[PDB]
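Coming up is one lone chain in structure tokens, specifically the form deposited in one PDB entry.
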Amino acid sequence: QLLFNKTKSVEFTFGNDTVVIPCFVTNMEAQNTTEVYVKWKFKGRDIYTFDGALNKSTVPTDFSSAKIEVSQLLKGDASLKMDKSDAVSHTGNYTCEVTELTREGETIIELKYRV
């Protein structure tokens, strides 16, 4: 498996212009991003995917601001960024799934709106 440096939950307020959901793989060995695939899942759907082989990001229209920083991916950082309006209307548990060639792993983070 791919192994993760895990966070159980992150909190945000209305003051957060962009919300980050962390995801950090501790044993990434990829030398090219064509080897990597990333899926972020929320309530039974992929709300962001990155296909490395095609270099194609895909989000649904209600997560239109969702993205990762592909330049950090080979360091094992697969953290998801989105704007506050997409974040506030989609609180709950997110699943970060990372694949590198044949190795895979996932982890879950709870996104919480707090005052």
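Rigid core: the largest C-alpha set superposing within 1.5 Å between the two forms. Shifts are known only where both forms have a C-alpha. All residue numbers refer to positions in the sequence shown, first residue = 1.
Keep in mind that the form deposited in another entry is not shown, yet the notes after this line are about it.
- Relative to the superposed core, residue 99 undergoes a Cα shift smaller than 2 Å between this form and the one not shown.
- Closer approach of the C-alpha atoms of residue 34 and residue 103, by 3 angstroms or more, is seen in that other deposited form than in the present form.
- For residues common to both forms, superposing the rigid core between this form and the one not shown reveals a single consecutive run of 3 or more with all Cα shifts of 2 angstroms or more, at 102-115.
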